[PDB]
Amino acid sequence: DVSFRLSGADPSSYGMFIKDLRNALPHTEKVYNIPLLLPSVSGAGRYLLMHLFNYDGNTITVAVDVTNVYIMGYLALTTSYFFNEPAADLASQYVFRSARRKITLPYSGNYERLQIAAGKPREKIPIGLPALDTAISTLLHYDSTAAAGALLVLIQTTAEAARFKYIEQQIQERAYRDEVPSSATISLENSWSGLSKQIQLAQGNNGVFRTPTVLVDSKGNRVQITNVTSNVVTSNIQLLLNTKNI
């Protein structure tokens, strides 16, 4: 398992958490020095438990699929909550079984559905460590509309930060003040599958992407990433979604 406590949290302790999160995900191979997530894992081993504590020390446990870093569901006191999707229902067979009741959330975990439930796109939702404290607090007591927004914050401040060093750094900048994600942040989130694919396709293509990936950079400018020498590949991305799952 991995843990993170908002009480006394700073950019350093958050960095240690994201490091732990990455290191908890198994791999047998690196592609261009980036860990390649496994095609599949059977049984309970598929799910990582993240213990998150709000400033007041109240806690939720979040179940994460270690093959794609997708959040499946979470436990809050004696109630488990899972996304309305087949992968999450499968997860509910293995994690939080001792919960007194299980609620299936009225949406899947994908960004489009969460934004619909939350009533706003995540371009408009501030993120940061204070926002994560709020998210944990919200998830402690069921409120599906509020939970959608909280989960958008949760996913970006954990999974997306694990996937991209840039995103980790953006959250570190928001340690004591929330701010909506940069356009570059949104771009990287939306491009993770594509980038993972092209980095793997480059393996037998002399480091060249079969299809270029369009990204927005730190200056709001639209760049085109075409091979593994790009900083996004050498610097930024920390985990690759296996092409078998794409």
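We number the residues from 1 along the sequence you see.
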Residue range whose averaged C-alpha B-factor is higher in the record, 93-101 or 133-141: 93-101
Which of 221-229 and 16-24 has higher mean CA B factor, as the PDB entry lists it: 221-229
Ranked C-alpha temperature factor of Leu154 among modelled chain residues, by third: lowest
Cα B factor band for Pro126 (lowest, middle or highest third within the chain): lowest
For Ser80, the third of its chain into which the C-alpha B factor falls: lowest
Chain-wide C-alpha B factor ranking for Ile246, given as lowest, middle or highest third: highest
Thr67 by Cα B-factor - lowest, middle or highest third of the modelled chain: middle
